[PDB]
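J.: Have a look at this one before I ask anything.
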Amino acid sequence: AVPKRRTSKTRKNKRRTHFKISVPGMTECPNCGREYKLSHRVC
Amino acid sequence: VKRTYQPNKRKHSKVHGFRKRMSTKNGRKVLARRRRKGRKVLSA
Amino acid sequence: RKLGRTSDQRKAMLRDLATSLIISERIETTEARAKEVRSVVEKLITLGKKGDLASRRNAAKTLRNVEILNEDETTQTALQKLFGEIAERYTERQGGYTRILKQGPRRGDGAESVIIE
Amino acid sequence: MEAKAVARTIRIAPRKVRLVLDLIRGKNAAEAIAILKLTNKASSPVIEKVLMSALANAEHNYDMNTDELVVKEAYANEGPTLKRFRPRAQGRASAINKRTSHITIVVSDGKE
RNA sequence: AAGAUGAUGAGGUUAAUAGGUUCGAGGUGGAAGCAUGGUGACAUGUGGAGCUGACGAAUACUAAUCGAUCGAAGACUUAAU
RNA sequence: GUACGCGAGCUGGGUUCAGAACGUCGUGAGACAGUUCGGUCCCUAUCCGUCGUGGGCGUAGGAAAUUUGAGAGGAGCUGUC
RNA sequence: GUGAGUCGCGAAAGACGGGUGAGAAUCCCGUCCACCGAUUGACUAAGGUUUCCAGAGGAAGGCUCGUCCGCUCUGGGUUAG
RNA sequence: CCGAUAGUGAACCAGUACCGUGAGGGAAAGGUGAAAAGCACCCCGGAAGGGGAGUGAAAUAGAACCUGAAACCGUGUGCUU
RNA sequence: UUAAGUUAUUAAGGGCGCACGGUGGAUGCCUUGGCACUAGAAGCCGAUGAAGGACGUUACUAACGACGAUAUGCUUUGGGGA
């Protein structure tokens with residue numbers, strides 16, 4: 001329904017340890033000298 | 001629904017207008033009160 | 001099997017896609033739609049290499065009754081050209097064209113995006 | 001040495017950006033360009049404009065080379081708050097709080 | 001074969017993982033077209049025909065690339081040795 | 001027995017509402033030892049708890065497999081011939 | 001500030017191509033598909049009072065975006081025996 | 001006697017903007033600098049914006065411009081977990 | 001090498017303190033404007049058409065103010081002197 005209490009600064013931050021994003025995996029082109037994704041296309 | 005205030009210029013140009021107010025002592029008094037303050041607008 | 005939308009909208013989508021891809025022989029879409037249409041169009045070329053009446057009578061069950069064409073100041077309704085030009089290419093070959101290219105993502109929807117041929 | 005480049009009161013909230021910063025807080029430059037340019041987010045391209053500017057002036061004014069450069073510290077801070085309303089049932093309202101950000105990036109060779 | 005996600009499991013070209021192909025199982029119940037006979041609606045023969053989602057064998061024909069990351073070098077003391 | 005177990009799980013027939021009527025008491029407004037038809041049941045679950053499922057670290061070098069059982073839980077019915 | 005990157009994002013069928021553009025699920029053209037059809041169609045009156053047209057813009061709004069707009073700037077548009 | 005949440009309700013385009021049909025009710029809102037000398041010109045970018053450059057005694061006084069606290073929000077790190 | 005025993009390192013992330021920014025606009029200083037009073041003056045206008053308003057006038061004017069188709073003011077007399 002509702003909270004009873006002010007969520008602190010701490011558990012607010014502990015609640016967010018897994019809010020990240022895993023960086024993409026990249027690969028330099030075959031002789032075009034720049035990165036792009038794996039099993040994707042370069043554009 | 002039918003909401004209130006289905007407007008019309010004629011009834012408004014009437015009752016809440018001027019010539020009524022300036023055709024009754026009461027209305028004259030009203031316009032006075034609206035002057036001593038200083039109001040840009042009358043009959044509205 | 002796979003679901004994009006409701007039932008009718010699904011098949012009419014597909015009919016517009018295989019009816020597409022054939023004026024201009026390559027498109028760009030979400031990835032999934034490319035997969036189910038992969039299945040479909042492969043069934044089409046495998047069908048299109050017979051040439052029977054009944055093959056036309058069966059192919060029309062998804063293509064659109066009308067799709068005008070102009071390439072060399074000429075005319076083709078996606079079916080003339082199918083059964084004159086397309087199967088002619090892949091006579092030697094088995095059904096199993098239609099590669100897929102994971103072209104890239106999209107910005108507004110975060111959508112994956114592709115092209116197929 | 002050092003170098004920096006800033007945007008000011010650009011129209012994105014901090015958090016949604018703050019992530020994309022913590023991707024690259026430490027790494028070499030062009031690797032970071034790669035890291036930004038791909039991620040399916042609206043917060044990315046802007047920041048590439050920022051960083052790219054930091055390289056422009058880091059070369060023009062301070063006479064550096066792109067090789068030894070990394071991102072030692074980058075961050076975002078709050079800006080003003082565009083306060084707006086949404087209507088809501090039974091006459092009430094509940095006011096949106098649109099926010100902004102003052103993005104800050106600081107290149108460094110680390111050397112002198 | 002698992003499943004909300006992630007996880008799990010089969011697989012990733014030295015390859016049958018999925019798709020398609022050809023076959024098949026089962027389902028459906030005699031395709032269109034032709035010919036015949038009926039003025040006709042209709043039937044008969046072509047013919048267990050033809051069609052077929054998830055199912056099942058062979059088939060690399062297509063796509064599973066290339067690439068990147070993480071990850072130990074063995075504490076001390078005593079007793080055997 | 002556990003808020004005569006449980007309404008942030010359900011229902012609302014009853015019941016402490018507004019209407020109306022019967023008997024009765026009251027001069028009257030109106031009210032009952034009573035009776036009768038109808039009469040709106042809100043909530044996006046924060047913490048604890050619970051059901052399930054995962055990441056990190058540790059388990060004196062780093063990994064793939066297999067397994068013991070400290071303990072815990074579930075099962076425990078009965079008839080006829 | 002927390003709640004929370006959560007609830008919701010206000011009925012409904014769109015898809016493709018080509019262009020413009022710093023940049024397009026959403027903008028313009030074309031193509032098909034679908035929806036209303038005693039009516040989401042058409043002419044009027046009340047009512048509102050410049051929203052109308054064209055050219056430029058895209059910080060604010062527009063429940064996303066936006067090269068676009070009933071938004072911003074400049075100019076222009078309403079004729080009665 | 002006040003020196004900007006005080007004093008007028010109002011230090012500024014105030015009985016205005018706005019709410020109401022209408023009597024009527026009714027706001028908030030001060031400070032660049034000595035002087036505007038208000039950042040030529042260069043670089044990045046579409047612009048916004050920024051860094052350089054310079055004016056000025058000073059720009060961490062550059063117009064959402066004297067000072068600029070706290071809440072709140074981040075960055076980094078010495079001890080610890 | 002073998003056994004027995006003890007101990008730590010880790011920090012995903014958080015904590016305490018220190019430094020540096022950001023928001024936001026308290027405090028400090030100031031004042032254009034107000035408050036209450038003194039002394040004095042004055043204390044009503046209007047058919048000779050009031051008070052108050054509308055609409056319009058500046059080369060460029062959206063508003064305030066001035067003004068009224070002689071319109072962002074005309075003539076006169078006095079003062080001032082750029």
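In the structure tokens, the first chain shown is A, the next is B, and so on; residue numbers restart at 1 for each chain, and ligands run from 1 in the order shown.
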Just asking: which residues within chain D are strand (DSSP E) according to DSSP, as a PyMOL selection string?
T.: chain D and resi 3-6+70-78+82-83+86-87+93-94+97-98+101-108
J.: Pick out the residues sitting within 10 Å of residue B:13, and hand them over as a ChimeraX atom specification; count only C-alpha atoms (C1' of nucleotides), and ignore anything fewer than 5 positions along from it in its own chain.
T.: /B:8,18-20,43-44
J.: Report, in Å to a single decimal, how far apart atom CA of residue C:42 and atom CA of residue C:18 are.
T.: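 Computing it gives 10.1 Å between the two atoms.
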J.: Within 8 Å of chain A, which residues of chain C show up when using only C-alpha atoms, listed as an MDAnalysis selection string?
T.: chainID C and resid 101:104
J.: Restricted to C-alpha atoms, what would the selected residues look like written as a PDB file, in the first residue's frame?
T.:
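In the end it all went to selection05.pdb:
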ATOM      1  CA  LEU C 101      21.834  -9.593 -41.572  1.00  0.00           C
ATOM      2  CA  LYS C 102      21.799  -8.282 -38.043  1.00  0.00           C
ATOM      3  CA  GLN C 103      22.056  -4.806 -39.434  1.00  0.00           C
ATOM      4  CA  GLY C 104      21.781  -2.819 -36.270  1.00  0.00           C
TER       5      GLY C 104
END
J.: Could you write out as a PDB file with N, CA and C atoms, in the first residue's frame the residues of chain C within 12 Å of chain D, counting only C-alpha atoms?
T.:
ATOM      1  N   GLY C 104      21.524  -3.706 -37.359  1.00  0.00           N
ATOM      2  CA  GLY C 104      21.781  -2.819 -36.270  1.00  0.00           C
ATOM      3  C   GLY C 104      20.563  -2.636 -35.406  1.00  0.00           C
ATOM      4  N   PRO C 105      20.707  -1.850 -34.359  1.00  0.00           N
ATOM      5  CA  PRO C 105      19.575  -1.505 -33.507  1.00  0.00           C
ATOM      6  C   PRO C 105      18.857  -0.271 -34.044  1.00  0.00           C
ATOM      7  N   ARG C 106      17.889   0.187 -33.263  1.00  0.00           N
ATOM      8  CA  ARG C 106      17.041   1.316 -33.589  1.00  0.00           C
ATOM      9  C   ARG C 106      17.003   2.229 -32.376  1.00  0.00           C
ATOM     10  N   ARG C 107      16.714   3.508 -32.604  1.00  0.00           N
ATOM     11  CA  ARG C 107      16.818   4.484 -31.525  1.00  0.00           C
ATOM     12  C   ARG C 107      15.515   4.697 -30.777  1.00  0.00           C
ATOM     13  N   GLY C 108      14.400   4.788 -31.492  1.00  0.00           N
ATOM     14  CA  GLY C 108      13.166   5.177 -30.844  1.00  0.00           C
ATOM     15  C   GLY C 108      12.608   4.066 -29.983  1.00  0.00           C
ATOM     16  N   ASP C 109      12.596   2.861 -30.524  1.00  0.00           N
ATOM     17  CA  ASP C 109      12.053   1.699 -29.858  1.00  0.00           C
ATOM     18  C   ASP C 109      13.111   0.872 -29.167  1.00  0.00           C
ATOM     19  N   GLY C 110      14.381   1.199 -29.356  1.00  0.00           N
ATOM     20  CA  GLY C 110      15.436   0.300 -28.956  1.00  0.00           C
ATOM     21  C   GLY C 110      15.426  -0.965 -29.780  1.00  0.00           C
ATOM     22  N   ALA C 111      14.745  -0.929 -30.920  1.00  0.00           N
ATOM     23  CA  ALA C 111      14.484  -2.137 -31.677  1.00  0.00           C
ATOM     24  C   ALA C 111      15.757  -2.672 -32.289  1.00  0.00           C
ATOM     25  N   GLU C 112      15.846  -3.989 -32.327  1.00  0.00           N
ATOM     26  CA  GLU C 112      16.775  -4.630 -33.222  1.00  0.00           C
ATOM     27  C   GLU C 112      16.336  -4.348 -34.653  1.00  0.00           C
TER      28      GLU C 112
END
J.: Pull the closest atom pair for each residue of chain H that gets at most 8 Å from chain D, along with the distance in Å to one decimal, counting only C-alpha atoms (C1' of nucleotides), ordering rows by chain and then ascending residue number, as CSV.
T.:
residue,atom,partner,partner_atom,distance
H:43,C1',D:57,CA,6.1
H:44,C1',D:53,CA,4.4
H:45,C1',D:49,CA,7.0
H:49,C1',D:7,CA,5.6
H:50,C1',D:6,CA,5.4
H:51,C1',D:57,CA,6.0
H:52,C1',D:61,CA,6.2
H:73,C1',D:78,CA,7.0
H:74,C1',D:77,CA,6.5
H:75,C1',D:75,CA,6.7
J.: Output C-alpha atoms (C1' of nucleotides) for every residue in that selection, as a PDB file, in the first residue's frame.
T.:
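After the write, result.pdb holds the following:
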ATOM      1  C1'   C H  43      38.640  25.982 -32.166  1.00  0.00           C
ATOM      2  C1'   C H  44      34.400  21.903 -31.345  1.00  0.00           C
ATOM      3  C1'   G H  45      29.383  21.506 -32.640  1.00  0.00           C
ATOM      4  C1'   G H  49      26.593  25.460 -25.027  1.00  0.00           C
ATOM      5  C1'   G H  50      31.948  25.198 -23.989  1.00  0.00           C
ATOM      6  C1'   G H  51      37.256  26.111 -24.075  1.00  0.00           C
ATOM      7  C1'   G H  52      40.707  29.731 -25.697  1.00  0.00           C
ATOM      8  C1'   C H  73      23.028  15.377  -5.178  1.00  0.00           C
ATOM      9  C1'   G H  74      27.673  13.659  -6.939  1.00  0.00           C
ATOM     10  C1'   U H  75      33.244  12.899  -7.731  1.00  0.00           C
TER      11        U H  75
END
J.: Using DSSP on the backbone, list every residue of chain A that comes out as helix (DSSP H, G or I), and give them as a list in words.
T.: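 Output for chain A, helix (DSSP H, G or I) only: residues 10, 11, 12, 13 and 14 of chain A.
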J.: Any chance you could export the current selection's C-alpha atoms as an mmCIF file, in the first residue's frame?
T.:
data_model
loop_
_atom_site.group_PDB
_atom_site.id
_atom_site.type_symbol
_atom_site.label_atom_id
_atom_site.label_comp_id
_atom_site.auth_asym_id
_atom_site.auth_seq_id
_atom_site.Cartn_x
_atom_site.Cartn_y
_atom_site.Cartn_z
ATOM 1 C CA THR A 10 22.075 3.888 2.349
ATOM 2 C CA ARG A 11 19.561 1.220 1.402
ATOM 3 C CA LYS A 12 18.624 3.423 -1.501
ATOM 4 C CA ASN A 13 22.181 2.866 -2.699
ATOM 5 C CA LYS A 14 22.343 -0.807 -1.770
#
J.: For chain I, which residues have at least one atom within 10 Å of chain D, if we go by only C-alpha atoms (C1' of nucleotides)? Write them as a list in words, please.
T.: residues 21, 22, 23 and 24 of chain I
J.: Rounded to one decimal place, report the atom CA of residue D:11-atom CA of residue D:47 distance in Å.
T.: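 Value for the atom CA of residue D:11-atom CA of residue D:47 distance: 12.2 Å.
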J.: If you count only C-alpha atoms (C1' of nucleotides), which residues fall within 7 Å of stretch 28-38 of chain I, apart from same-chain ones fewer than 6 positions away, as JSON, numbers by chain?
T.: {"H": [1, 7, 8, 11]}
